[PDB]
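A short write-up of the structure that comes next.
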Ligand SMILES: [Zn+2]
């Protein structure tokens with residue numbers, strides 16, 4: 001007695017970070033990089 005769910009992501013490979021899709025996983029894995037990094041911890045003072 002409830003709406004049944006179905007379908008995870010027909011797409012080949014999507015970026016759970018932004019949502020970009022890449023036919024080839026390799027393209028995605030490498031892309032995800034654009035996200036990681038550039039995460040400083042406040043001021044440096046050095
Ligand atoms: Zn992304």
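Heads up, the Cβs are rebuilt from the backbone with ideal geometry, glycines too, and the neighbour counts pull from every protein chain shown. Values quoted throughout were computed directly from the atomic coordinates according to the rules given, and no laboratory measurement underlies them.
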*Difference of contour (0.36 nm per residue) and Cα-Cα distance, residue 26 to residue 39*: 2.3 nm
_Cβ crowding within 10 Å averaged over residues, with 13-26, 30-43 ranked highest first_ = 13-26, 30-43
*For the chain, what class follows from the C-alpha gyration tensor (a ≥ b ≥ c being the square roots of its eigenvalues): rounded when a/c is under 1.5, otherwise prolate if a/b is larger than b/c, else oblate?*
oblate
